[PDB]
Amino acid sequence: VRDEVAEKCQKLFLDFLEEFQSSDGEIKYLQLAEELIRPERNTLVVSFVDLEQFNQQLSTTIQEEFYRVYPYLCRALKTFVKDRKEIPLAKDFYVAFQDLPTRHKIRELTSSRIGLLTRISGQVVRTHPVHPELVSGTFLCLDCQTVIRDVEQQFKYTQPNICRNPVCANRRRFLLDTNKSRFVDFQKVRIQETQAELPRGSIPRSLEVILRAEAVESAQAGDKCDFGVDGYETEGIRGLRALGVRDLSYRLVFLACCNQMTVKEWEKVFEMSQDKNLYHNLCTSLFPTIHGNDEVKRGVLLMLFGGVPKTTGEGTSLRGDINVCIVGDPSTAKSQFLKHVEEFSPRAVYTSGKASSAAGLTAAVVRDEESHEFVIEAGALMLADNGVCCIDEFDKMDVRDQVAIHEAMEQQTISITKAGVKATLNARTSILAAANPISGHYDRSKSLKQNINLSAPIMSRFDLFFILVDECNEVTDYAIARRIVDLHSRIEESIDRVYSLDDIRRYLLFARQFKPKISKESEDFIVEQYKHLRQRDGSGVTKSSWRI
Amino acid sequence: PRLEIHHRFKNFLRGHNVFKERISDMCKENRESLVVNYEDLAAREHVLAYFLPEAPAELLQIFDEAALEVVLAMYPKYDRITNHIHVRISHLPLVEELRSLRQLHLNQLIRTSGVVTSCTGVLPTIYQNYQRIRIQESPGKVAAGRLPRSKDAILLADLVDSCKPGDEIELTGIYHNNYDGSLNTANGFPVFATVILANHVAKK
Amino acid sequence: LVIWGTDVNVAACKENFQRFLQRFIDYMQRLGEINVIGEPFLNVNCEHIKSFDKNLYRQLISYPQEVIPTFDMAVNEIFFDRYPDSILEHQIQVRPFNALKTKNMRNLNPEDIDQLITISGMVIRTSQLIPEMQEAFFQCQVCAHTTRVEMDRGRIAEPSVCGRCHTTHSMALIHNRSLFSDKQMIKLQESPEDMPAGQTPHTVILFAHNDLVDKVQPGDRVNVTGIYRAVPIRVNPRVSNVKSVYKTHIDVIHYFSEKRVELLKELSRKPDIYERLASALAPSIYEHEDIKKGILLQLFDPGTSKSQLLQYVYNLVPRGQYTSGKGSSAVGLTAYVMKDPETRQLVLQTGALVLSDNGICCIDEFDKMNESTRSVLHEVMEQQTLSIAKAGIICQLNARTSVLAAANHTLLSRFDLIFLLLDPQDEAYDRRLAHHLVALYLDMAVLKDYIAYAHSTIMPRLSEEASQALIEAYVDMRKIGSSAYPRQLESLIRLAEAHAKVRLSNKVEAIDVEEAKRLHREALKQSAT
């Protein structure tokens, strides 16, 4: 089988393989070709679209024949230069498909689906350094013979064990013609099953799949996947054991490479877009079981909502995200709620605040030096990229986050540094914040400074602050937990919404695709009032905190 | 990978007015090295500089094989001063900088440049036959200010100690893929791993 | 024609069972539900069917490894003839539920192998993902033909049947459709909950596969059926010398009282069992009855009656776990994260708290806890689950439990509640205490079910009967010296949760809330200065 399948494909390939659409044949292939030789990238793509028209069997049997169709179609491929003498100087290639109709979960990437065709969706996690182990080559026994061009290749250590005199490795062999080797390129990384898709009781899945050369340095831990024999010596002969064979059997085996309802929901969103009171129509649907603090929710509502400036001063592209705090009593004083409230949303990451060993966001490679505790993941912060981070207990950030957020806020990145290793990352997401003060509400007369009980250069950085002061207001408080019991009143009650806690998530889906920009006028009232804001604040008015 | 040029090159070491003028240039000095430019070889014979991607490693052995001969031949005074030559060849055009790097471009004698990120100037016989220096390139710009994969090069016993920390200089060498750390026996560049052997240096 | 290795005739009872599938009728609703909907994988019970047919039956456990196939055939003999124009590629393999009365695999024989069985146990852990090889092919050498081996049907999943040509799986397996197999270890724990104690039960070498993979979780309670397997232990894989024990591992193939109640009903009718059971509870000691109270609710000076009480709780209860600080850190509760060094791979190593989900924690030495630990409890109690973001299993650990302890940190706020064992400084009470000891020198099992049926059946509702009263209450509880507008309410309801978890009444009033006032009050008072 191995030979015909190795060959019969090429014919079905090659005729397919001269770029077809927009007239046909040689012209479109040459664009792909001339695009290839000139930067010396050696990479292409083969859309699954045209193939299943041409031959879906190819489009299928790939999955059914991937693992020996490769090294021949691989080899026939390489005369794109239009010259066979310039192909063996080439080192390797990497290609891709287009528009496989499927992907699968990791739990759906099963034993009965190992190795197969991979549409590649998930979570970059726990990266590594990157190495070109050897595909093919020799170390052939110097005492008796020279090159045989096959050893290492699979994840393995040495290869060749068929038919000595020295050719099989029932004989010494180690020196490698290092000038002659397919050291290729890759790292191993522990791609997680995205919890943001997952049904609560889940426990995610850190798939140790590789980013080889073309897949390389394009991602960061938390992020997208967009990728003749011998002798008749048969089984059962004395001396053979499977423990030399199993460690891959212990592994991954695959790898990767680089509407009425719409309108109806839109209509209700349009109606909602027509809807006045929309904050209140929004608010309690998101903030059902808080009394007072209507301001505080009001921002946090908005804190959900983004909007970015690009770079046009050649600086950074400016902030759109928000960093605001709620300050006061002990979680019961529900800042917990808000952290919990937000969870009724995805793109949403949730700490145990800070008092949490959970050493992630002190990133480090997990096989530094024999196997390593600190993991390449600031999912403490990173993992909410273009989401939001929600942190209680922020005062317990003692060190490792302490400076960390400062730049990270400021720069949306994590400059990793090890002095044998070093990196920087990207975290474009918001920071929802709340932390208790020194021991309680004392800020009525004490300065925020040290009443916040945190460091100026971040409290300064926080986009806003807010408060949840506790008070025994019997004028209200008779009614207050009157709610809460009525919130404890499960047996016969359901919490009234303005509307779904989904459509909102689709509103804010609908909301941020729209964009905004101010008129030639609107700046004035910014200015005249920012003035006036500073003006009263600059004139000696009764101050709460010198910020301005 | 044939075998005539060894003997020829040993005779090509005997465009040659420069050699006749360079052999006199180095000298009573006793510096244990020999320097040729990519123009100097081709000025004599263009077959020679063509080896530099294909058999530079052997060409170094050739050049070492021949440089021992004609020089001790020309000057047996060297018979009592180290009786050995370890060549120091000159520029070799082209230059692959720090992110121009390619698996394609390896196992090749090239010129490039790079700047000390670290050095082992006073410490290292394999290790003692050389030392290490860790390297990157770039200046500040927003795009170039992005962290590059640092070069980590080795200085084979003759270019040693001429590089100093902070040296934005021109590193010529052979650019091998012998990253035998693949199973725990070497170091090399990051992602496009290249074990670079070293051949020339610029100044502080 | 026979299988002397297991003594089964040629199909030997088959044609009794084909009619059985049609004769069971009162299946006949289920017989089409498998083919027509497409839901294979039968899920029997401890097979009660034995009222139908014993010769079919007695075999069920007997050597049925040669029968379940014939079943999964014989069903399909009928089922494919029933609805062949449905999704008939859904082959059926049975999956019993609450199977035959296992003899507590602790006790099962060396014999007891070809035996359908069930656990009465608890999970220690799962495999997480490690399945295994399926089928072979080598290459030989007449111009090397790639030779089916375990791809060859009729051959065996042996060891050493696959001793060569790994790519002839390890690539070809993809190229030739044997995509590797499938099996899931688990470490469980048999635990009868009132084991004799000391002697200890049997953990499990579970291995078996099916895509019921992972539908048993760590810490899980059992409803689980399986079948035995084992394998002789080599002195070495390098040799044939024999450790003459077979390495057990199990084919997962899973999916009076009324009179006592009437007595309970009298106890339920009885009006002051909160006092009477209190008079019964922790009876070992004289006063501090007030302390003794909330254990019932919570059920619902060193060791100065304390571990005793906690041991009274320990003794009273299966669901709980006693420990303490100062030798046993959080690790004795949780976050003992560490490896199987025989295999050198991290494990979700934990402790009593993982033993404690829907349980009651008996910590001591709470003063002695660190900040490297006890920040756990800072986080636990505000969760009732524990985020373990770790090497092999990033997760969180539902510990939806209960706790109590005592010691000799701003977050007493959380606590269930503990009290002040102080000195009455009364010789007479000592004499009363002495008399309690000098005098010293059933109710439980009733209790044990008293607590239960409410944990089985009862669900309080604090509605406008007394939902108001809480509102009336924390007003009264906050105001004296005006905090109870904090979760004290949520504690108070968690106290008023009890008396209606007592009494088999799912509905509450001021009394059965009002008691909890005194408790939290006296608990506040005794804890107040």
# chains A, B, ... in the order shown; residues from 1 in each chain; ligands from 1
>>> interface_residues(of="chain B", to="chain A", cutoff="8 Å", atoms="only C-alpha atoms", output="PyMOL selection string")
chain B and resi 103-104+107+147+176-178+182-183+190-193
>>> residues_around(residues="residue 513 in chain C", least_positions_apart="4", cutoff="12 Å", atoms="only C-alpha atoms", output="JSON, numbers by chain")
{"C": [460, 461, 462, 463, 465, 466, 467, 468, 469, 470, 471, 472, 473, 474, 489, 491, 492, 493, 494, 495, 496, 497, 498, 499, 500, 501, 502, 507, 508, 509, 517, 518, 519, 520]}
>>> select_by_dssp(residues="range 38-84 of chain A", states="helix (DSSP H, G or I)", output="ChimeraX atom specification")
/A:48-81,84
>>> write_last_selection(atoms="N, CA and C atoms", output="tab-separated table (two decimals), in the first residue's frame")
chain	number	residue	atom	x	y	z
A	48	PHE	N	-9.12	23.40	1.10
A	48	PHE	CA	-10.04	22.27	1.03
A	48	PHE	C	-11.28	22.58	0.21
A	49	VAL	N	-11.48	23.84	-0.19
A	49	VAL	CA	-12.68	24.20	-0.95
A	49	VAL	C	-12.63	23.57	-2.34
A	50	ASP	N	-11.61	23.91	-3.12
A	50	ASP	CA	-11.52	23.41	-4.49
A	50	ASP	C	-11.33	21.91	-4.54
A	51	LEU	N	-10.80	21.32	-3.48
A	51	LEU	CA	-10.43	19.91	-3.56
A	51	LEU	C	-11.66	19.03	-3.56
A	52	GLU	N	-12.57	19.27	-2.64
A	52	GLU	CA	-13.73	18.40	-2.53
A	52	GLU	C	-14.60	18.51	-3.77
A	53	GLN	N	-14.51	19.63	-4.47
A	53	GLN	CA	-14.95	19.66	-5.86
A	53	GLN	C	-14.08	18.74	-6.69
A	54	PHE	N	-12.76	18.95	-6.64
A	54	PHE	CA	-11.85	18.14	-7.42
A	54	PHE	C	-11.89	16.70	-6.97
A	55	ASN	N	-11.41	16.44	-5.76
A	55	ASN	CA	-11.51	15.13	-5.15
A	55	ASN	C	-11.59	15.21	-3.64
A	56	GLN	N	-12.78	15.02	-3.10
A	56	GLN	CA	-12.92	15.01	-1.65
A	56	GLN	C	-12.22	13.82	-1.05
A	57	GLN	N	-12.06	12.75	-1.82
A	57	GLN	CA	-11.32	11.60	-1.34
A	57	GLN	C	-9.93	12.03	-0.91
A	58	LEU	N	-9.29	12.87	-1.72
A	58	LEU	CA	-8.06	13.49	-1.26
A	58	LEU	C	-8.34	14.31	-0.02
A	59	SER	N	-9.42	15.08	-0.05
A	59	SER	CA	-9.76	15.93	1.08
A	59	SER	C	-10.07	15.09	2.30
A	60	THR	N	-10.47	13.84	2.08
A	60	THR	CA	-10.71	12.93	3.19
A	60	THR	C	-9.46	12.13	3.51
A	61	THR	N	-8.85	11.55	2.49
A	61	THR	CA	-7.91	10.48	2.73
A	61	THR	C	-6.63	11.01	3.30
A	62	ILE	N	-6.40	12.30	3.13
A	62	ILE	CA	-5.47	13.00	3.99
A	62	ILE	C	-5.59	12.55	5.44
A	63	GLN	N	-6.78	12.71	6.02
A	63	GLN	CA	-7.02	12.30	7.38
A	63	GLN	C	-6.81	10.81	7.53
A	64	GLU	N	-7.09	10.07	6.47
A	64	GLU	CA	-6.97	8.62	6.46
A	64	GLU	C	-5.61	8.15	5.96
A	65	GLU	N	-4.80	9.04	5.38
A	65	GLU	CA	-3.52	8.65	4.79
A	65	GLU	C	-2.41	9.66	5.06
A	66	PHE	N	-2.66	10.67	5.90
A	66	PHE	CA	-1.70	11.74	6.17
A	66	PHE	C	-0.27	11.26	6.40
A	67	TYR	N	-0.11	10.09	7.02
A	67	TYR	CA	1.15	9.79	7.69
A	67	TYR	C	2.09	8.95	6.83
A	68	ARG	N	1.73	8.69	5.58
A	68	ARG	CA	2.67	8.19	4.59
A	68	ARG	C	2.50	8.81	3.21
A	69	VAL	N	1.38	9.49	2.96
A	69	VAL	CA	1.30	10.37	1.81
A	69	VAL	C	2.31	11.50	1.92
A	70	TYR	N	2.70	11.87	3.13
A	70	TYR	CA	3.54	13.03	3.32
A	70	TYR	C	4.90	12.90	2.68
A	71	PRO	N	5.78	12.00	3.10
A	71	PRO	CA	7.20	12.14	2.75
A	71	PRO	C	7.52	11.97	1.27
A	72	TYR	N	6.52	11.78	0.40
A	72	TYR	CA	6.75	11.63	-1.03
A	72	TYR	C	6.21	12.84	-1.77
A	73	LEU	N	4.95	13.17	-1.52
A	73	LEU	CA	4.41	14.45	-1.94
A	73	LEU	C	5.26	15.57	-1.40
A	74	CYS	N	5.74	15.41	-0.16
A	74	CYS	CA	6.77	16.29	0.36
A	74	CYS	C	7.94	16.39	-0.60
A	75	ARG	N	8.39	15.26	-1.12
A	75	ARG	CA	9.62	15.23	-1.90
A	75	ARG	C	9.39	15.67	-3.34
A	76	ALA	N	8.26	15.27	-3.93
A	76	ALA	CA	7.96	15.70	-5.30
A	76	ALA	C	7.72	17.20	-5.37
A	77	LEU	N	7.38	17.80	-4.24
A	77	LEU	CA	6.89	19.16	-4.21
A	77	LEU	C	7.94	20.17	-4.67
A	78	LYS	N	9.21	19.81	-4.57
A	78	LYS	CA	10.18	20.84	-4.22
A	78	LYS	C	10.81	21.52	-5.43
A	79	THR	N	10.35	21.21	-6.64
A	79	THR	CA	10.95	21.84	-7.83
A	79	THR	C	10.22	23.07	-8.27
A	80	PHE	N	9.55	23.72	-7.32
A	80	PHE	CA	8.93	25.02	-7.55
A	80	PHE	C	9.92	26.03	-8.11
A	81	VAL	N	11.21	25.89	-7.80
A	81	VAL	CA	12.24	26.77	-8.32
A	81	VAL	C	12.36	26.68	-9.83
A	84	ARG	N	15.89	21.48	-10.58
A	84	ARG	CA	16.05	20.42	-9.59
A	84	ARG	C	17.34	20.56	-8.78
>>> residues_around(residues="residue 173 in chain C", least_positions_apart="4", cutoff="9 Å", atoms="only C-alpha atoms", output="PyMOL selection string")
(chain A and resi 67+115) or (chain C and resi 134-137+167-169+177-180)
>>> residues_around(residues="range 50-54 of chain B", least_positions_apart="4", cutoff="7 Å", atoms="only C-alpha atoms", output="PyMOL selection string")
chain B and resi 46+107-109
>>> write_last_selection(atoms="N, CA and C atoms", output="CSV table (one decimal), in the first residue's frame")
chain,number,residue,atom,x,y,z
B,46,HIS,N,38.3,32.2,-8.0
B,46,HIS,CA,36.9,32.3,-7.5
B,46,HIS,C,36.3,30.9,-7.1
B,107,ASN,N,25.4,26.2,8.4
B,107,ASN,CA,26.6,25.5,8.0
B,107,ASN,C,27.4,26.3,7.0
B,108,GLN,N,27.5,27.6,7.2
B,108,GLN,CA,28.1,28.5,6.2
B,108,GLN,C,29.0,29.5,6.9
B,109,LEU,N,30.1,29.8,6.2
B,109,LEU,CA,31.0,30.9,6.7
B,109,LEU,C,30.4,32.2,6.2
>>> residues_around(residues="residue 241 in chain A", least_positions_apart="4", cutoff="10 Å", atoms="only C-alpha atoms", output="number ranges by chain")
A: 235-237, 245-246; C: 159-164, 237-238
>>> closest_atom_pairs(of="chain A", to="chain C", cutoff="7 Å", atoms="only C-alpha atoms", output="JSON lines")
{"residue": "A:64", "atom": "CA", "partner": "C:175", "partner_atom": "CA", "distance": 5.6}
{"residue": "A:65", "atom": "CA", "partner": "C:175", "partner_atom": "CA", "distance": 4.2}
{"residue": "A:66", "atom": "CA", "partner": "C:175", "partner_atom": "CA", "distance": 6.1}
{"residue": "A:67", "atom": "CA", "partner": "C:175", "partner_atom": "CA", "distance": 5.2}
{"residue": "A:68", "atom": "CA", "partner": "C:175", "partner_atom": "CA", "distance": 6.3}
{"residue": "A:111", "atom": "CA", "partner": "C:180", "partner_atom": "CA", "distance": 5.6}
{"residue": "A:112", "atom": "CA", "partner": "C:179", "partner_atom": "CA", "distance": 4.9}
{"residue": "A:113", "atom": "CA", "partner": "C:179", "partner_atom": "CA", "distance": 6.5}
{"residue": "A:114", "atom": "CA", "partner": "C:179", "partner_atom": "CA", "distance": 6.2}
{"residue": "A:115", "atom": "CA", "partner": "C:174", "partner_atom": "CA", "distance": 6.3}
{"residue": "A:116", "atom": "CA", "partner": "C:174", "partner_atom": "CA", "distance": 6.7}
{"residue": "A:203", "atom": "CA", "partner": "C:395", "partner_atom": "CA", "distance": 5.2}
{"residue": "A:204", "atom": "CA", "partner": "C:394", "partner_atom": "CA", "distance": 6.9}
{"residue": "A:228", "atom": "CA", "partner": "C:144", "partner_atom": "CA", "distance": 4.5}
{"residue": "A:229", "atom": "CA", "partner": "C:144", "partner_atom": "CA", "distance": 5.3}
{"residue": "A:230", "atom": "CA", "partner": "C:141", "partner_atom": "CA", "distance": 5.7}
{"residue": "A:231", "atom": "CA", "partner": "C:141", "partner_atom": "CA", "distance": 5.7}
{"residue": "A:232", "atom": "CA", "partner": "C:140", "partner_atom": "CA", "distance": 4.2}
{"residue": "A:233", "atom": "CA", "partner": "C:140", "partner_atom": "CA", "distance": 6.7}
{"residue": "A:234", "atom": "CA", "partner": "C:140", "partner_atom": "CA", "distance": 6.9}
{"residue": "A:235", "atom": "CA", "partner": "C:161", "partner_atom": "CA", "distance": 5.0}
{"residue": "A:236", "atom": "CA", "partner": "C:160", "partner_atom": "CA", "distance": 5.3}
{"residue": "A:240", "atom": "CA", "partner": "C:163", "partner_atom": "CA", "distance": 5.3}
{"residue": "A:241", "atom": "CA", "partner": "C:163", "partner_atom": "CA", "distance": 5.6}
{"residue": "A:242", "atom": "CA", "partner": "C:163", "partner_atom": "CA", "distance": 5.7}
{"residue": "A:245", "atom": "CA", "partner": "C:166", "partner_atom": "CA", "distance": 6.5}
{"residue": "A:249", "atom": "CA", "partner": "C:132", "partner_atom": "CA", "distance": 6.1}
{"residue": "A:250", "atom": "CA", "partner": "C:130", "partner_atom": "CA", "distance": 6.5}
{"residue": "A:332", "atom": "CA", "partner": "C:486", "partner_atom": "CA", "distance": 5.8}
{"residue": "A:333", "atom": "CA", "partner": "C:486", "partner_atom": "CA", "distance": 7.0}
{"residue": "A:352", "atom": "CA", "partner": "C:379", "partner_atom": "CA", "distance": 6.4}
{"residue": "A:355", "atom": "CA", "partner": "C:375", "partner_atom": "CA", "distance": 5.9}
{"residue": "A:356", "atom": "CA", "partner": "C:375", "partner_atom": "CA", "distance": 6.8}
{"residue": "A:358", "atom": "CA", "partner": "C:389", "partner_atom": "CA", "distance": 6.3}
{"residue": "A:478", "atom": "CA", "partner": "C:471", "partner_atom": "CA", "distance": 6.4}
{"residue": "A:481", "atom": "CA", "partner": "C:471", "partner_atom": "CA", "distance": 6.5}
{"residue": "A:482", "atom": "CA", "partner": "C:471", "partner_atom": "CA", "distance": 5.8}
{"residue": "A:485", "atom": "CA", "partner": "C:467", "partner_atom": "CA", "distance": 6.3}
{"residue": "A:489", "atom": "CA", "partner": "C:463", "partner_atom": "CA", "distance": 6.7}
{"residue": "A:491", "atom": "CA", "partner": "C:461", "partner_atom": "CA", "distance": 6.6}
>>> residues_around(residues="range 426-433 of chain C", least_positions_apart="4", cutoff="8 Å", atoms="only C-alpha atoms", output="PyMOL selection string")
chain C and resi 285-286+437
>>> write_last_selection(atoms="N, CA, C and O atoms", output="compact mmCIF listing (two decimals), in the first residue's frame")
# COMPACT_ATOMS: atom_id res chain seq x y z
N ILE C 285 -19.90 15.55 79.04
CA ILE C 285 -19.58 16.71 79.84
C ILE C 285 -20.85 17.35 80.39
O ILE C 285 -21.93 17.22 79.82
N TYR C 286 -20.67 18.07 81.48
CA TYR C 286 -21.61 18.96 82.11
C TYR C 286 -21.77 20.19 81.22
O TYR C 286 -21.82 20.06 80.00
N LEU C 437 -18.05 13.32 86.88
CA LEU C 437 -17.04 12.32 86.60
C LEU C 437 -17.04 11.27 87.67
O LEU C 437 -16.86 10.08 87.41
>>> atom_distance(atom1="CA of residue 320 in chain C", atom2="CA of residue 359 in chain C")
4.9 Å
>>> atom_distance(atom1="CA of residue 465 in chain A", atom2="CA of residue 196 in chain A")
28.5 Å
>>> residues_around(residues="range 4-20 of chain B", least_positions_apart="6", cutoff="10 Å", atoms="only C-alpha atoms", output="list in words")
residues 35, 36, 39, 40, 41, 42, 43, 44, 45, 47, 48, 58, 59, 61, 62, 63, 64, 65, 66, 67, 68, 69, 70, 71 and 74 of chain B
>>> select_by_dssp(residues="range 135-165 of chain B", states="strand (DSSP E or B)", output="ChimeraX atom specification")
/B:135-136,151-155
